[PDB]
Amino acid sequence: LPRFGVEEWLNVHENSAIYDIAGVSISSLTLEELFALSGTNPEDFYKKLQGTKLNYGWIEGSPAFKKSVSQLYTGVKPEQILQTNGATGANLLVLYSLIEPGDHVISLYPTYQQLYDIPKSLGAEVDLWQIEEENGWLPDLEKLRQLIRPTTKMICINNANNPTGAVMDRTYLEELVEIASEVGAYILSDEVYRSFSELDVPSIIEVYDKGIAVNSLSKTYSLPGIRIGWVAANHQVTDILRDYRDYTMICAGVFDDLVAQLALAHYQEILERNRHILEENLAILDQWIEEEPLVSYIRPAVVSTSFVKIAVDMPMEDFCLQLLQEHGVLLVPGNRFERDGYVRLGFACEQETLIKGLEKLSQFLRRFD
């Protein structure tokens, strides 16, 4: 199986970044920040924590975790939720559980790398369903019809998508579901990037009984450090997944689940904090893209990742290295998603970091005129 592309870039280059606009998370919370924004008393949390056995705990996730996650959806019960070690752990559990040698898997591309390389390592025939810049970074549904076979086991998507930040609304998702439903294919939808836009973007599990929703508190809820995610699916899928957790994780952490319960009990407070960070930072990014003649993009659907086109006749791998070498501005070069000529720009970092980063990138782009 090949080296994880974005990881291999961040391993070699993250420690050399002064202005990091590469990461695609929304400025993380400290535990004290979580207490302040939730209106919680620290002492009450520490009292419960310190007397809690750090044993294997709730393997499935706490009852409160499951009920809170279920309430984020329409028509999903607590029993349909399995806690995982992040969305990373959820994607792995789903694929390792369900993908078998000879199965046909269609994966959105470029997308989160797990979604096509894990199936390929398990012996599945993987076809890449290509996103198109000319159609607002959405893939082509007629190409999906051509790719699908009467035996297709699974279609993997990322909604909103990494790196583009484009989303499939209800209309688009329904046409995808119809195509999938013809051959009885599951649809795995990694939904860690929640759209804050006006668009009607339901979860795959709310429109399809064979939809498998993956999500986490990492990107949308600013808590990657607890490694808490989930899988939401039907009873048949959930019952298979329960018997494979010891291959990948056994379970998530006891403290981690405690923090997830508190965050989920105050999820609206966190969403409000993050909606404002995203809206403000995206307004700053929109104005900057317009002032710069060498850069353009398809604006993301109010999601914390963007894919910006740089009008410079150079390999972005080289452009980004020199940008980091000279000014300390870290981006992910487009070649890491097999779409060279672009750069992934995560703009949901601390506002000043984005401002200074763009200002330094603006000084860098001046030599190309």
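Position 1 is the first residue in the sequence shown; the rest follow in order.
Mean CA temperature factor is higher for 276 to 284 when stretches 276 to 284 and 202 to 210 are set side by side in the entry.
Averaged over Cα atoms, the B-factor as recorded in the entry is higher for 287 to 295 than for the other of 256 to 264 and 287 to 295. Take 52, 28, 325, 68 and read off each C-alpha B-factor from the entry; 325 has the highest.
When the C-alpha B-factors of 308, 59, 34, 64 are ranked from the entry, the top spot goes to 308.
The PDB entry assigns residue 150 a C-alpha temperature factor belonging to the highest third of its chain's modelled residues. Ranked within its chain, residue 133 lands in the highest third, by CA B factor from the PDB record.
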